[PDB]
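Remarks on the structure that follows.
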Amino acid sequence: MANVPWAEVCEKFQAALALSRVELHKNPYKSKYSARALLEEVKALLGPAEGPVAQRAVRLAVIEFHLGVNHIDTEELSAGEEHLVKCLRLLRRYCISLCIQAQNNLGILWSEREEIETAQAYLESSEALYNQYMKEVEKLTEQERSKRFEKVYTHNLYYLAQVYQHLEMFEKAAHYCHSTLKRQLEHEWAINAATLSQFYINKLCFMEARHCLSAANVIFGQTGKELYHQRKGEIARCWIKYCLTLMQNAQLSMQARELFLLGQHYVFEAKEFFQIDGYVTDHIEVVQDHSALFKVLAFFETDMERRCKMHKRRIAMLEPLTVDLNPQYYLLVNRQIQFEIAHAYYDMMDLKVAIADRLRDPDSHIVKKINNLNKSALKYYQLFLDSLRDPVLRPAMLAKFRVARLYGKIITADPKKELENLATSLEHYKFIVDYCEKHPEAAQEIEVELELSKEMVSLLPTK
């Protein structure tokens with residue numbers, strides 16, 4: 001009886017790799033266990049009871065890899081981690097192939113472990129050994145022993161980017177997954193381009209964002225081609241990040257018309273695909289960003305009126321979609337859309353006071369439009385307080401100031417209703433401030449303004 005020759009280890013390699021490869025397809029309670037039983041039969045066939053004879057070293061390294069895949073098959077990886085760290089110690093005492101296989105095993109076990117600090121420390125040590133390899137002091141190859149190193153480099157870099165994005169670490173993780181995108185398109189990419197564009201939204205450089213993002217669009221066009229599509233939601237979030245980039249560029253510009261034209265084309269194609277791909281919550285977000293871009297995209301005086309009735313038609317298309325279901329989720333999104341229509345009525349009232357400042361106020365159709373708008377906004381604020389119990393510092397104070405101005409300037413009734421309405425607004429925020437015991441931001445000067453208003457409307461209508 002001699003030792004294990006090359007033919008026996010090659011037929012064992014072929015059999016084990018072929019059955020594990022046809023088992024990882026996942027076309028069951030025993031077939032995966034039959035692959036694990038064959039591999040533990042090889043484990044018993046090992047029999048452990050320059051350097052030494054390299055056949056034993058190669059077979060122990062590949063059987064440590066097979067023990068690791070058996071442990072990830074059985075989800076009891078403690079003995080697998082023990083055997084692999086002993087393999088790491090014996091390869092330290094005992095190079096390309098062994099260290100890259102040990103590093104892939106370490107990466108997959110510390111990705112299984114989900115402990116952040118140990119996984120990131122082991123990934124930094126494998127990266128340090130990678131930089132040491134870049135320092136640099138057979139029969140049937142895949143591609144010159146280079147394609148295997150290429151794919152495990154991309155896999156290890158994507159997994160360390162995942163461990164880094166489990167932390168905050170945004171700049172270095174973003175650079176690392178951009179390197180994975182470059183290394184992949186030189187030889188999941190939609191979500192990786194999505195988080196690149198989201199980080200660049202969090203950043204300030206948008207030209208490189210548009211460069212890599214249009215590269216993502218043209219490789220979506222030239223992907224080349226089953227059941228799990230996900231492209232609808234993926235480019236839906238891409239259109240979402242497109243309008244968020246439009247939001248931040250309009251915000252930095254406001255605090256020419258080519259932005260209007262690109263907004264027209266991109267949000268038109270976006271709204272077309274958003275009508276294609278569902279939805280309920282996505283459509284709430286759609287009319288949210290549509291109304292918000294209609295607020296931020298200001299042109300002129302007479303251009304404001306058509307834009308206001310445009311986003312009024314937008315919220316009038318929002319409204320009858322969520323009437324039939326009505327969960328408490330509808331109550332929460334009803335509170336958000338009442339805040340949105342409150343902002344829309346604030347913009348409409350700025351339009352109306354500009355019109356009353358520059359043009360004639362007591363005209364018939366203008367009075368009809370403003371009293372219809374006042375009645376609809378009173379109903380909308382009635383629903384907004386119906387979100388509160390009829391029988392956190394910023395939006396409550398903003399809603400109080402908005403309903404205080406609504407109590408103030410919209411009526412020309414018998415001259416006591418506006419006075420009692422501003423009085424109850426003052427007492428409402430007095431109850432708010434003795435209920436919260438906290439200091440406000442602008443409500444103190446709007447309270448002293450409403451107190452002086454209480455004095456002058458206590459004096460002047462009586463005269």
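Letters A, B, ... go to the chains of the structure tokens in the order shown; residues in each chain start at 1; ligands are counted from 1 in the same order.
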
Region 94-105 of chain A environment, 10 Å, only C-alpha atoms, sequence neighbours closer than 4 positions dropped, as a short mmCIF file (atom, residue, chain, number, x, y, z; two decimals) with N, CA, C and O atoms, in the first residue's frame:
```
data_model
loop_
_atom_site.label_atom_id
_atom_site.label_comp_id
_atom_site.auth_asym_id
_atom_site.auth_seq_id
_atom_site.Cartn_x
_atom_site.Cartn_y
_atom_site.Cartn_z
N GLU A 50 10.24 25.59 -0.02
CA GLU A 50 10.11 24.14 0.03
C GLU A 50 9.34 23.70 1.27
O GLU A 50 8.82 24.53 2.02
N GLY A 51 9.28 22.39 1.48
CA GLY A 51 8.65 21.84 2.66
C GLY A 51 8.43 20.34 2.55
O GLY A 51 9.20 19.62 1.90
N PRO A 52 7.37 19.84 3.19
CA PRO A 52 7.02 18.42 3.06
C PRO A 52 6.40 18.07 1.72
O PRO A 52 6.44 18.87 0.77
N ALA A 57 -0.32 18.81 1.59
CA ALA A 57 -0.65 20.21 1.87
C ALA A 57 -1.79 20.70 0.97
O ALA A 57 -2.70 21.38 1.44
N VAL A 58 -1.74 20.34 -0.32
CA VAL A 58 -2.81 20.72 -1.25
C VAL A 58 -4.12 20.05 -0.86
O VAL A 58 -5.18 20.69 -0.85
N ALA A 61 -5.52 21.72 2.30
CA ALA A 61 -6.08 23.04 2.00
C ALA A 61 -7.44 22.93 1.32
O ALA A 61 -8.40 23.62 1.70
N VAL A 62 -7.56 22.04 0.33
CA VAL A 62 -8.83 21.93 -0.36
C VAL A 62 -9.86 21.22 0.52
O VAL A 62 -11.06 21.51 0.43
N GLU A 64 -9.95 21.68 3.76
CA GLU A 64 -10.38 22.75 4.67
C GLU A 64 -11.41 23.65 4.00
O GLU A 64 -12.36 24.09 4.65
N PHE A 65 -11.23 23.91 2.70
CA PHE A 65 -12.25 24.65 1.95
C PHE A 65 -13.56 23.87 1.88
O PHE A 65 -14.65 24.44 2.03
N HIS A 66 -13.47 22.56 1.67
CA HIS A 66 -14.66 21.73 1.66
C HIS A 66 -15.28 21.57 3.04
O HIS A 66 -16.51 21.46 3.15
N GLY A 68 -15.21 24.05 5.19
CA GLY A 68 -15.89 25.33 5.32
C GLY A 68 -17.22 25.38 4.57
O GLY A 68 -18.21 25.92 5.08
N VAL A 69 -17.26 24.78 3.38
CA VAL A 69 -18.53 24.76 2.66
C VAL A 69 -19.50 23.74 3.27
O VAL A 69 -20.72 23.95 3.22
N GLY A 80 -15.57 24.76 11.94
CA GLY A 80 -14.99 25.21 10.69
C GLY A 80 -14.07 26.40 10.87
O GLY A 80 -12.98 26.45 10.29
N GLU A 81 -14.48 27.37 11.70
CA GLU A 81 -13.62 28.51 12.01
C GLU A 81 -12.39 28.09 12.80
O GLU A 81 -11.30 28.64 12.59
N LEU A 84 -10.09 26.39 10.31
CA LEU A 84 -9.52 27.33 9.35
C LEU A 84 -8.53 28.28 10.00
O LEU A 84 -7.56 28.68 9.35
N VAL A 85 -8.71 28.63 11.27
CA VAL A 85 -7.69 29.44 11.92
C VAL A 85 -6.47 28.59 12.26
O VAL A 85 -5.34 29.09 12.25
N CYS A 87 -5.57 26.24 10.18
CA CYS A 87 -4.98 26.23 8.85
C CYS A 87 -4.18 27.50 8.59
O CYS A 87 -3.11 27.45 7.97
N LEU A 88 -4.69 28.64 9.07
CA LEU A 88 -3.97 29.91 8.94
C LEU A 88 -2.66 29.89 9.74
O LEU A 88 -1.63 30.37 9.26
N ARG A 89 -2.69 29.31 10.95
CA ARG A 89 -1.47 29.18 11.74
C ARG A 89 -0.46 28.24 11.07
O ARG A 89 0.74 28.54 11.03
N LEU A 90 -0.93 27.12 10.51
CA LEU A 90 0.01 26.20 9.88
C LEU A 90 0.49 26.70 8.52
O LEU A 90 1.54 26.25 8.06
N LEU A 109 -16.30 33.24 6.11
CA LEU A 109 -16.67 32.90 7.48
C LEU A 109 -16.95 34.16 8.31
O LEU A 109 -17.87 34.17 9.13
N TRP A 110 -16.18 35.23 8.10
CA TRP A 110 -16.46 36.46 8.81
C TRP A 110 -17.61 37.25 8.20
O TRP A 110 -18.12 38.18 8.83
N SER A 111 -18.04 36.90 6.98
CA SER A 111 -19.31 37.40 6.47
C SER A 111 -20.47 36.63 7.07
O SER A 111 -21.56 37.19 7.27
N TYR A 122 -10.11 41.36 9.95
CA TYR A 122 -9.62 40.30 9.07
C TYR A 122 -9.60 40.76 7.61
O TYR A 122 -8.68 40.38 6.86
N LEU A 123 -10.56 41.59 7.21
CA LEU A 123 -10.54 42.11 5.84
C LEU A 123 -9.42 43.12 5.64
O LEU A 123 -8.81 43.16 4.56
N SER A 125 -6.55 42.88 7.24
CA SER A 125 -5.33 42.08 7.16
C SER A 125 -5.19 41.41 5.80
O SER A 125 -4.07 41.31 5.27
N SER A 126 -6.30 40.96 5.20
CA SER A 126 -6.23 40.41 3.85
C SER A 126 -5.89 41.49 2.83
O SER A 126 -5.18 41.22 1.85
N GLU A 127 -6.38 42.71 3.04
CA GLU A 127 -5.99 43.82 2.17
C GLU A 127 -4.52 44.19 2.34
O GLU A 127 -3.87 44.56 1.35
N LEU A 129 -2.17 42.02 3.13
CA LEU A 129 -1.45 40.98 2.40
C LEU A 129 -1.60 41.15 0.89
O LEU A 129 -0.69 40.77 0.14
N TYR A 130 -2.72 41.72 0.44
CA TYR A 130 -2.86 42.07 -0.98
C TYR A 130 -1.88 43.15 -1.39
O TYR A 130 -1.27 43.07 -2.47
N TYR A 133 1.40 41.59 -1.66
CA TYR A 133 1.52 40.89 -2.93
C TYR A 133 1.80 41.86 -4.07
O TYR A 133 2.57 41.54 -4.99
N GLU A 136 5.30 42.60 -3.94
CA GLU A 136 5.99 41.39 -4.46
C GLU A 136 7.50 41.36 -4.15
O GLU A 136 8.29 40.88 -4.96
N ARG A 145 -3.84 31.28 -14.16
CA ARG A 145 -3.96 31.56 -12.72
C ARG A 145 -4.17 33.06 -12.46
O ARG A 145 -3.57 33.64 -11.55
N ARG A 148 -9.09 33.50 -11.67
CA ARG A 148 -9.49 33.13 -10.31
C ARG A 148 -9.13 34.22 -9.31
O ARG A 148 -9.96 34.60 -8.47
N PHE A 149 -7.91 34.75 -9.40
CA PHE A 149 -7.48 35.84 -8.53
C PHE A 149 -8.29 37.10 -8.78
O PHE A 149 -8.63 37.82 -7.84
N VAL A 152 -11.85 36.50 -7.22
CA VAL A 152 -11.87 36.51 -5.76
C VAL A 152 -11.47 37.89 -5.23
O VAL A 152 -11.89 38.27 -4.14
N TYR A 153 -10.70 38.66 -6.01
CA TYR A 153 -10.42 40.04 -5.63
C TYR A 153 -11.68 40.89 -5.68
O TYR A 153 -11.94 41.66 -4.75
N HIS A 155 -14.79 39.75 -5.46
CA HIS A 155 -15.67 39.25 -4.41
C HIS A 155 -15.26 39.76 -3.03
O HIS A 155 -16.11 40.21 -2.25
N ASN A 156 -13.96 39.72 -2.74
CA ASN A 156 -13.46 40.18 -1.44
C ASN A 156 -13.63 41.68 -1.28
O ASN A 156 -14.00 42.15 -0.19
#
```

Any idea what's packed within 10 Å of region 158-162 of chain A, counting only C-alpha atoms, ignoring anything in its chain fewer than 6 positions away? Could you give it as a PDB file with N, CA, C and O atoms, in the first residue's frame?
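Saved the output as selection26.pdb:
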```pdb
ATOM      1  N   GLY A 107     -12.920  35.422   4.506  1.00  0.00           N
ATOM      2  CA  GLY A 107     -13.941  36.383   4.132  1.00  0.00           C
ATOM      3  C   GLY A 107     -15.343  35.817   4.217  1.00  0.00           C
ATOM      4  O   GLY A 107     -16.250  36.475   4.734  1.00  0.00           O
ATOM      5  N   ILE A 108     -15.531  34.569   3.775  1.00  0.00           N
ATOM      6  CA  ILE A 108     -16.878  34.005   3.828  1.00  0.00           C
ATOM      7  C   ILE A 108     -17.264  33.630   5.262  1.00  0.00           C
ATOM      8  O   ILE A 108     -18.433  33.783   5.647  1.00  0.00           O
ATOM      9  N   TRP A 110     -16.180  35.230   8.096  1.00  0.00           N
ATOM     10  CA  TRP A 110     -16.461  36.465   8.814  1.00  0.00           C
ATOM     11  C   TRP A 110     -17.612  37.248   8.197  1.00  0.00           C
ATOM     12  O   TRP A 110     -18.122  38.177   8.834  1.00  0.00           O
ATOM     13  N   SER A 111     -18.036  36.898   6.980  1.00  0.00           N
ATOM     14  CA  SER A 111     -19.306  37.405   6.473  1.00  0.00           C
ATOM     15  C   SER A 111     -20.474  36.632   7.069  1.00  0.00           C
ATOM     16  O   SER A 111     -21.557  37.193   7.272  1.00  0.00           O
ATOM     17  N   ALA A 119     -14.610  41.004  11.576  1.00  0.00           N
ATOM     18  CA  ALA A 119     -14.670  40.879  10.124  1.00  0.00           C
ATOM     19  C   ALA A 119     -13.904  42.004   9.443  1.00  0.00           C
ATOM     20  O   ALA A 119     -13.163  41.764   8.484  1.00  0.00           O
ATOM     21  N   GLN A 120     -14.039  43.237   9.949  1.00  0.00           N
ATOM     22  CA  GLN A 120     -13.316  44.340   9.325  1.00  0.00           C
ATOM     23  C   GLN A 120     -11.816  44.259   9.601  1.00  0.00           C
ATOM     24  O   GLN A 120     -11.021  44.609   8.726  1.00  0.00           O
ATOM     25  N   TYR A 122     -10.110  41.357   9.952  1.00  0.00           N
ATOM     26  CA  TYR A 122      -9.619  40.305   9.069  1.00  0.00           C
ATOM     27  C   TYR A 122      -9.598  40.755   7.613  1.00  0.00           C
ATOM     28  O   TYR A 122      -8.685  40.384   6.861  1.00  0.00           O
ATOM     29  N   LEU A 123     -10.557  41.593   7.208  1.00  0.00           N
ATOM     30  CA  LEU A 123     -10.542  42.108   5.845  1.00  0.00           C
ATOM     31  C   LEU A 123      -9.421  43.123   5.640  1.00  0.00           C
ATOM     32  O   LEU A 123      -8.815  43.164   4.564  1.00  0.00           O
ATOM     33  N   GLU A 124      -9.095  43.919   6.668  1.00  0.00           N
ATOM     34  CA  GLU A 124      -7.932  44.798   6.548  1.00  0.00           C
ATOM     35  C   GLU A 124      -6.623  44.016   6.540  1.00  0.00           C
ATOM     36  O   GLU A 124      -5.670  44.437   5.874  1.00  0.00           O
ATOM     37  N   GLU A 127      -6.376  42.714   3.043  1.00  0.00           N
ATOM     38  CA  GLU A 127      -5.992  43.823   2.173  1.00  0.00           C
ATOM     39  C   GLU A 127      -4.522  44.190   2.336  1.00  0.00           C
ATOM     40  O   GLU A 127      -3.867  44.558   1.354  1.00  0.00           O
ATOM     41  N   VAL A 152     -11.853  36.498  -7.218  1.00  0.00           N
ATOM     42  CA  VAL A 152     -11.869  36.512  -5.758  1.00  0.00           C
ATOM     43  C   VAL A 152     -11.468  37.886  -5.231  1.00  0.00           C
ATOM     44  O   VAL A 152     -11.894  38.273  -4.139  1.00  0.00           O
ATOM     45  N   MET A 169     -18.559  54.900   7.491  1.00  0.00           N
ATOM     46  CA  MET A 169     -17.382  54.750   6.624  1.00  0.00           C
ATOM     47  C   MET A 169     -17.562  55.111   5.152  1.00  0.00           C
ATOM     48  O   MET A 169     -17.012  54.427   4.284  1.00  0.00           O
ATOM     49  N   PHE A 170     -18.291  56.197   4.868  1.00  0.00           N
ATOM     50  CA  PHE A 170     -18.972  56.334   3.580  1.00  0.00           C
ATOM     51  C   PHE A 170     -18.007  56.598   2.430  1.00  0.00           C
ATOM     52  O   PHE A 170     -18.204  56.078   1.324  1.00  0.00           O
ATOM     53  N   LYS A 172     -14.552  55.900   2.020  1.00  0.00           N
ATOM     54  CA  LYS A 172     -13.697  54.785   1.630  1.00  0.00           C
ATOM     55  C   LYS A 172     -14.508  53.598   1.126  1.00  0.00           C
ATOM     56  O   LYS A 172     -14.087  52.928   0.175  1.00  0.00           O
ATOM     57  N   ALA A 173     -15.681  53.347   1.718  1.00  0.00           N
ATOM     58  CA  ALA A 173     -16.547  52.279   1.225  1.00  0.00           C
ATOM     59  C   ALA A 173     -17.085  52.599  -0.160  1.00  0.00           C
ATOM     60  O   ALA A 173     -17.185  51.706  -1.012  1.00  0.00           O
ATOM     61  N   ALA A 174     -17.423  53.870  -0.406  1.00  0.00           N
ATOM     62  CA  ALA A 174     -17.913  54.278  -1.720  1.00  0.00           C
ATOM     63  C   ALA A 174     -16.824  54.158  -2.776  1.00  0.00           C
ATOM     64  O   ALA A 174     -17.087  53.692  -3.893  1.00  0.00           O
ATOM     65  N   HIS A 175     -15.591  54.548  -2.428  1.00  0.00           N
ATOM     66  CA  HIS A 175     -14.458  54.370  -3.333  1.00  0.00           C
ATOM     67  C   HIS A 175     -14.193  52.893  -3.610  1.00  0.00           C
ATOM     68  O   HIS A 175     -13.899  52.508  -4.751  1.00  0.00           O
ATOM     69  N   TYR A 176     -14.348  52.045  -2.589  1.00  0.00           N
ATOM     70  CA  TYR A 176     -14.100  50.617  -2.758  1.00  0.00           C
ATOM     71  C   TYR A 176     -15.149  49.962  -3.651  1.00  0.00           C
ATOM     72  O   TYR A 176     -14.804  49.178  -4.544  1.00  0.00           O
ATOM     73  N   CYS A 177     -16.431  50.287  -3.457  1.00  0.00           N
ATOM     74  CA  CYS A 177     -17.427  49.675  -4.331  1.00  0.00           C
ATOM     75  C   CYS A 177     -17.438  50.295  -5.725  1.00  0.00           C
ATOM     76  O   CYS A 177     -17.830  49.616  -6.682  1.00  0.00           O
ATOM     77  N   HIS A 178     -16.967  51.539  -5.875  1.00  0.00           N
ATOM     78  CA  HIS A 178     -16.716  52.068  -7.212  1.00  0.00           C
ATOM     79  C   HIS A 178     -15.585  51.309  -7.898  1.00  0.00           C
ATOM     80  O   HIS A 178     -15.632  51.074  -9.114  1.00  0.00           O
ATOM     81  N   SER A 179     -14.569  50.905  -7.129  1.00  0.00           N
ATOM     82  CA  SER A 179     -13.512  50.062  -7.683  1.00  0.00           C
ATOM     83  C   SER A 179     -14.044  48.688  -8.078  1.00  0.00           C
ATOM     84  O   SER A 179     -13.607  48.120  -9.086  1.00  0.00           O
ATOM     85  N   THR A 180     -14.993  48.144  -7.303  1.00  0.00           N
ATOM     86  CA  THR A 180     -15.621  46.879  -7.696  1.00  0.00           C
ATOM     87  C   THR A 180     -16.441  47.035  -8.969  1.00  0.00           C
ATOM     88  O   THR A 180     -16.456  46.130  -9.812  1.00  0.00           O
ATOM     89  N   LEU A 181     -17.126  48.172  -9.126  1.00  0.00           N
ATOM     90  CA  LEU A 181     -17.875  48.425 -10.356  1.00  0.00           C
ATOM     91  C   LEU A 181     -16.951  48.542 -11.562  1.00  0.00           C
ATOM     92  O   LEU A 181     -17.252  48.001 -12.633  1.00  0.00           O
ATOM     93  N   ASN A 192     -25.517  49.186  -6.726  1.00  0.00           N
ATOM     94  CA  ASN A 192     -24.246  49.816  -6.379  1.00  0.00           C
ATOM     95  C   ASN A 192     -24.114  51.200  -7.014  1.00  0.00           C
ATOM     96  O   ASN A 192     -23.613  52.135  -6.375  1.00  0.00           O
TER      97      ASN A 192
END
```

List the spatial neighbours of residue 45 (chain A) as a PyMOL selection string - criterion: any atom at most 12 Å away, only C-alpha atoms, same-chain residues fewer than 5 positions off excluded. chain A and resi 3-4+8-9+12+37-40+59-60+63

Restrict the selected residues to N, CA, C and O atoms and save them as a PDB file, in the first residue's frame.
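Just written: out_6.pdb:
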```pdb
ATOM      1  N   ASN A   3       1.033   5.668  -0.963  1.00  0.00           N
ATOM      2  CA  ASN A   3       0.235   6.837  -0.633  1.00  0.00           C
ATOM      3  C   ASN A   3      -0.761   7.127  -1.754  1.00  0.00           C
ATOM      4  O   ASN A   3      -0.856   6.397  -2.745  1.00  0.00           O
ATOM      5  N   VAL A   4      -1.516   8.209  -1.594  1.00  0.00           N
ATOM      6  CA  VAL A   4      -2.525   8.605  -2.574  1.00  0.00           C
ATOM      7  C   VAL A   4      -1.831   9.182  -3.803  1.00  0.00           C
ATOM      8  O   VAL A   4      -1.121  10.192  -3.697  1.00  0.00           O
ATOM      9  N   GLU A   8      -5.802   9.256  -8.231  1.00  0.00           N
ATOM     10  CA  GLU A   8      -6.842   9.126  -7.215  1.00  0.00           C
ATOM     11  C   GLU A   8      -7.290  10.488  -6.704  1.00  0.00           C
ATOM     12  O   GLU A   8      -8.492  10.723  -6.523  1.00  0.00           O
ATOM     13  N   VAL A   9      -6.348  11.412  -6.497  1.00  0.00           N
ATOM     14  CA  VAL A   9      -6.744  12.729  -6.015  1.00  0.00           C
ATOM     15  C   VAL A   9      -7.425  13.529  -7.125  1.00  0.00           C
ATOM     16  O   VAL A   9      -8.330  14.323  -6.844  1.00  0.00           O
ATOM     17  N   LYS A  12     -11.019  12.058  -7.238  1.00  0.00           N
ATOM     18  CA  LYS A  12     -11.739  12.559  -6.071  1.00  0.00           C
ATOM     19  C   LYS A  12     -12.104  14.030  -6.237  1.00  0.00           C
ATOM     20  O   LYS A  12     -13.219  14.437  -5.884  1.00  0.00           O
ATOM     21  N   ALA A  37     -22.329  14.291   2.838  1.00  0.00           N
ATOM     22  CA  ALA A  37     -21.896  12.964   3.258  1.00  0.00           C
ATOM     23  C   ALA A  37     -20.758  12.444   2.393  1.00  0.00           C
ATOM     24  O   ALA A  37     -19.849  11.784   2.906  1.00  0.00           O
ATOM     25  N   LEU A  38     -20.783  12.737   1.089  1.00  0.00           N
ATOM     26  CA  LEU A  38     -19.648  12.403   0.234  1.00  0.00           C
ATOM     27  C   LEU A  38     -18.401  13.177   0.647  1.00  0.00           C
ATOM     28  O   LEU A  38     -17.297  12.616   0.692  1.00  0.00           O
ATOM     29  N   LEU A  39     -18.561  14.457   0.990  1.00  0.00           N
ATOM     30  CA  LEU A  39     -17.392  15.238   1.378  1.00  0.00           C
ATOM     31  C   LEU A  39     -16.866  14.838   2.755  1.00  0.00           C
ATOM     32  O   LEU A  39     -15.652  14.867   2.978  1.00  0.00           O
ATOM     33  N   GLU A  40     -17.736  14.414   3.676  1.00  0.00           N
ATOM     34  CA  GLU A  40     -17.214  13.885   4.933  1.00  0.00           C
ATOM     35  C   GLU A  40     -16.647  12.479   4.762  1.00  0.00           C
ATOM     36  O   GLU A  40     -15.791  12.069   5.553  1.00  0.00           O
ATOM     37  N   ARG A  59      -4.068  18.761  -0.471  1.00  0.00           N
ATOM     38  CA  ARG A  59      -5.296  18.067  -0.107  1.00  0.00           C
ATOM     39  C   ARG A  59      -5.855  18.562   1.225  1.00  0.00           C
ATOM     40  O   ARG A  59      -7.078  18.649   1.371  1.00  0.00           O
ATOM     41  N   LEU A  60      -4.998  18.988   2.167  1.00  0.00           N
ATOM     42  CA  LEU A  60      -5.532  19.533   3.409  1.00  0.00           C
ATOM     43  C   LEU A  60      -6.105  20.927   3.202  1.00  0.00           C
ATOM     44  O   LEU A  60      -7.107  21.268   3.834  1.00  0.00           O
ATOM     45  N   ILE A  63      -9.421  20.379   1.460  1.00  0.00           N
ATOM     46  CA  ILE A  63     -10.403  19.741   2.322  1.00  0.00           C
ATOM     47  C   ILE A  63     -10.782  20.679   3.465  1.00  0.00           C
ATOM     48  O   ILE A  63     -11.862  20.544   4.041  1.00  0.00           O
TER      49      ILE A  63
END
```

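Excluding residue 194 (chain A) and any residue on its chain fewer than 4 positions from it, the residues at most 10 Å away by only C-alpha atoms are residues 188, 189, 190, 198, 199, 200, 213, 216, 234, 235, 237, 238, 240 and 241 of chain A.
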
Restrict the selected residues to C-alpha atoms and save them as a PDB file, in the first residue's frame.
```pdb
ATOM      1  CA  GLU A 188     -26.113  44.190  -8.100  1.00  0.00           C
ATOM      2  CA  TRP A 189     -24.446  46.848 -10.245  1.00  0.00           C
ATOM      3  CA  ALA A 190     -27.701  48.827 -10.420  1.00  0.00           C
ATOM      4  CA  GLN A 198     -26.964  58.512  -3.122  1.00  0.00           C
ATOM      5  CA  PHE A 199     -23.534  59.121  -1.570  1.00  0.00           C
ATOM      6  CA  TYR A 200     -22.883  61.811  -4.184  1.00  0.00           C
ATOM      7  CA  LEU A 213     -24.658  57.351 -13.538  1.00  0.00           C
ATOM      8  CA  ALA A 216     -24.889  52.939 -15.601  1.00  0.00           C
ATOM      9  CA  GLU A 234     -34.180  49.634  -9.647  1.00  0.00           C
ATOM     10  CA  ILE A 235     -34.607  52.306 -12.314  1.00  0.00           C
ATOM     11  CA  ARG A 237     -35.171  54.426  -7.519  1.00  0.00           C
ATOM     12  CA  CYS A 238     -32.823  55.775 -10.209  1.00  0.00           C
ATOM     13  CA  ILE A 240     -36.070  59.053  -7.675  1.00  0.00           C
ATOM     14  CA  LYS A 241     -32.381  59.898  -7.280  1.00  0.00           C
TER      15      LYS A 241
END
```

Please identify all polymer residues within 8 Å of region 311-327 of chain A, counting only C-alpha atoms, omitting same-chain residues fewer than 4 positions from it, and present them as a VMD selection string. chain A and resid 280 283 to 284 287 290 to 291 294 307 331 341 344

Excluding residue 442 (chain A) and its own-chain neighbours fewer than 5 positions away, which residues fall within 10 Å of it when counting only C-alpha atoms? Please give them as a ChimeraX atom specification. /A:394,397-398,401,447
